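Peer 1: Below is the sequence, then the experimental coordinates.
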Amino acid sequence: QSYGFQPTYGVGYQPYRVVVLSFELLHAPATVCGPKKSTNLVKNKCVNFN
Amino acid sequence: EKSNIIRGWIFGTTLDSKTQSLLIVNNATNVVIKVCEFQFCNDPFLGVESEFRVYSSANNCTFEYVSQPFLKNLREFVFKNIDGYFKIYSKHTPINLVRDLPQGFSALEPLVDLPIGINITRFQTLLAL
Ligand SMILES: *[C@@H]1O[C@H](CO)[C@@H](O[C@@H]2O[C@H](CO)[C@@H](O)[C@H](O)[C@H]2NC(C)=O)[C@H](O)[C@H]1NC(C)=O
Ligand SMILES: *[C@@H]1O[C@H](CO)[C@@H](O)[C@H](O)[C@H]1NC(C)=O
Ligand SMILES: *[C@@H]1O[C@H](CO)[C@@H](O)[C@H](O)[C@H]1NC(C)=O
């Protein structure tokens, strides 16, 4: 069936774009991650570090 | 070496159009690394890049990488698998011997690691003249 996306329709009729994403199991080392923090360095003070 | 010749390697559990496998190749300009299905019909070779013939075929690949113009003369390597990581180490050294590996000490510093996550059970060498 061909889409009848006419402008003269309400919100329900109007087209939408959809993106669906999923991730695999941990069968191997991970390869995608969120960005990590990079804070300013400190010297000559007692600090916690990672 | 003194003449290049040895231009890469092939690895994988099965490399005859079945099972994912790995491929590593050079032409002194860059390394080209692929993780893809292959068959290697007729033993890739230079054949003389005035004359050149590409290996196997394009198929269901899952990874790629290119970098680092790779460069008597002797080169050294190590390849190993660690629960999903594929590690490669290497060294260079010029020598005078022509029979076999000389004595002396050589410690291989590491190159970048690949988290492929796929087994290897065989391998074979790519060659050129
Ligand atoms: C041979 O050397 C050439 C460089 O002259 C390499 O060309 C690159 O190939 C990769 C992989 O296809 C491309 O992504 C690059 O864009 C190419 N570079 C240029 C400047 O075109 C080629 O990969 C090398 N081949 C082998 C088997 O090592
Ligand atoms: C391509 O290879 C991946 C390797 O994990 C596999 O999951 C996938 O099913 C393969 N697809 C085809 C069409 O062979
Ligand atoms: C390696 O092969 C074993 C079977 O011997 C299988 O269970 C395992 O998932 C494979 N692992 C990789 C990384 O290919």
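Peer 2: Arrived safely. Numbering: from 1, shown residues only, chains lettered A, B, ... in the order given. Ligands and ions are numbered 1, 2, ... in the order given.
Peer 1: Enumerate the residues of chain A near ligand 3.
Peer 2: Proximity of chain A to ligand 3, by Cβ under 6 Å from any ligand atom, involves no residues. From N, CA and C alone the C-beta is placed, and that goes for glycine too.
Peer 1: Nearest to ligand 1: which residue in chain A?
Peer 2: Nearest residue of chain A to ligand 1: residue A:31, at 20.3 Å (Cβ to the nearest ligand atom).
Peer 1: pretty sure that residue is touching residue B:116, no?
Peer 2: No: the pair residue A:31 / residue B:116 is not scored as a contact, 10.0 Å apart, by Cβ atoms under 8 Å.
Peer 1: Looking at these two now, which is surrounded by more residues?
Peer 2: Ranked by neighbour count (other Cβ atoms under 10 Å in any protein chain shown), residue A:31 and residue B:116 place residue B:116 first, with 22 against 10.
Peer 1: what sits against the more buried one?
Peer 2: A:28, B:22, B:35, B:63, B:84, B:85, B:86 (Cβ atoms under 8 Å, 6 or more residues apart in numbering or on different chains).
Peer 1: I'd like to know how many residues surround residue A:28.
Peer 2: 14.
Peer 1: how much space between it and residue B:81?
Peer 2: 12 Å (Cβ to Cβ, to the nearest Å).
Peer 1: and what of residue B:126?
Peer 2: Residue B:126 is 20 Å from residue B:81, by Cβ to Cβ.
Peer 1: Just list the residues touching residue B:35, thanks.
Peer 2: The contact partners of residue B:35, by Cβ under 8 Å, 6+ apart, come to B:20, B:21, B:22, B:23, B:61, B:62, B:63, B:64, B:116, B:118.
Peer 1: Not counting its neighbours along the chain, what's nearest the closest residue to ligand 3 within chain B?
Peer 2: Nearest residue of chain B to ligand 3 (Cβ to the nearest ligand atom) works out as residue B:119 at 3.3 Å. Leaving aside its chain neighbours, residue B:119 sits nearest to residue B:13 (4.9 Å; criterion: Cβ to Cβ, 6 or more residues apart in numbering or on different chains).
Peer 1: Can you pull up the residues of chain B that come close to chain A?
Peer 2: B:84, B:85, B:115, B:116, B:117, B:118 (Cβ under 8 Å from any Cβ of the partner chain).
Peer 1: How many neighbouring residues does the residue of chain A found nearest ligand 2 have?
Peer 2: Going by Cβ to the nearest ligand atom, ligand 2 is nearest to residue A:24 of chain A, at 8.9 Å. Counted with other Cβ under 10 Å, the neighbours of residue A:24 add up to 9.
Peer 1: Residue B:74 touches residue B:96, doesn't it?
Peer 2: No: in this structure, residue B:74 is not within contact of residue B:96 by Cβ under 8 Å, at 10.2 Å.
Peer 1: Which one of those two is surrounded by more residues?
Peer 2: Remark: of residue B:74 and residue B:96, residue B:74 carries more neighbours, 15 against 6, as counted by other Cβ under 10 Å.
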